[PDB]
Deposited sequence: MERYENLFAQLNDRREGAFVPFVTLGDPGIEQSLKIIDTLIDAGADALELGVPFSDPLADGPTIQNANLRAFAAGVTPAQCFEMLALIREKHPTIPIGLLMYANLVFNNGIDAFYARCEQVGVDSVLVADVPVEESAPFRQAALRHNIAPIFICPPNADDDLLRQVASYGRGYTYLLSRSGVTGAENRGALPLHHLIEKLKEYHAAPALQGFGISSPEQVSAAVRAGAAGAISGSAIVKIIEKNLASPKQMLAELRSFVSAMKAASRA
């Protein structure tokens, strides 16, 4: 989790926000996915949020569901996902890497064993999509024991008690998914919660600036990136081009 601390420290000295893109590992193919990731990085991403394909993502929209299908057809497995992570980390040493997991993948071979494996390949944080704070204990405990930041989502329908818990158990950053936005950010800073990143439909440059201006440490592009991949499945060369272009713009807006 130290990588996240050092990232935000730096971003503050430059009065800049973080731009974090999300992608499903192995989509649309192992080697292509690796070039995409290298592109996102070279294009200016401050960090990465990487999904591991699951059979039943009960918490993802259709854009992600298809990306997950594409990765399975390519014969992608969790084991293969870990070899990729090692390669990405071997090439980019300081960039924070976060995983979006589903409970069963983490539980399968033992919770402690999963986080130990993450510590090995160089992962910095893990967000388990279907584990609310109420059931988080064994997950956040294993995460902390292996120096992994447990990330939690702060939903729109959040109450004060939820805010307190999130601020207390989370590390790395807070995943911001009614209540006035800036009010929500104020309260989190008050309880000393990890830096908040806006991850709700961030798909345009103005939205990133608006997120930063509201007190958020940055923004996460949940599916906007996955959309360019699907659009250009037939043209790998151009796919990278629109990715570079997009990301570059999104990041310029974080200044």
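What portions of the deposited sequence, indexed from 1, have no corresponding C-alpha atom in the structure? Missing from the model are residues 178-189, 268.
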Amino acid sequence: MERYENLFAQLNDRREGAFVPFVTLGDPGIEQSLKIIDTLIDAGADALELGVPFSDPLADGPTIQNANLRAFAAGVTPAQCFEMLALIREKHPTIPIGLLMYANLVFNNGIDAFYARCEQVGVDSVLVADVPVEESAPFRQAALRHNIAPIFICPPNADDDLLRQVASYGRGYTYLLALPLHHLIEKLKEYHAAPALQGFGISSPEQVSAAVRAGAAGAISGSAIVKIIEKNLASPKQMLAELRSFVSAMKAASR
From here on, numbers count along this sequence of modelled residues.
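Between two forms, the rigid core is defined as the largest C-alpha subset superposing within 1.5 Å.
Figure out for me whether 64-72 or 201-209 is the more displaced stretch in 8 other deposited structures of this protein, taking RMS C-alpha distance from the shown form once the rigid core is superposed. After the core superposition, the stretch with higher RMS deviation in 8 other deposited structures of this protein is 201-209.
Following superposition on the rigid core, is the mean squared CA displacement, expressed as RMS, greater for 76-84 or for 157-165 in 8 other deposited structures of this protein? Of the two stretches, the larger average C-alpha offset in 8 other deposited structures of this protein falls on 157-165.
Entries skipping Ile111: at least a third of other ones: no, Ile111 modelled in all other entries.
In at least one third of the other PDB entries compared, is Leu184 left unmodelled? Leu184: modelled in all of the comparison entries.
Name the higher of the two by mean Cα B-factor in the PDB entry, 142-150 versus 157-165. Comparing 142-150 with 157-165, the higher mean C-alpha B-factor belongs to 157-165.
For the stretches 68-76 and 167-175, which has the higher mean C-alpha B-factor as given in the deposited record? The deposited B-factors put 68-76 ahead on the C-alpha mean.
Highest CA temperature factor in the entry: which of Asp38, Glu49, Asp46, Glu230? Highest C-alpha B-factor among the listed options: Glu230.
Highest Cα B-factor in the deposition, which of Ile225, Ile220, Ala194, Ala217? By C-alpha B-factor in the record, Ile225 ranks first.
Third assignment of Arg3 from its chain's C-alpha B-factors: Ranked within chain, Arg3 CA B lands in the lowest tercile.
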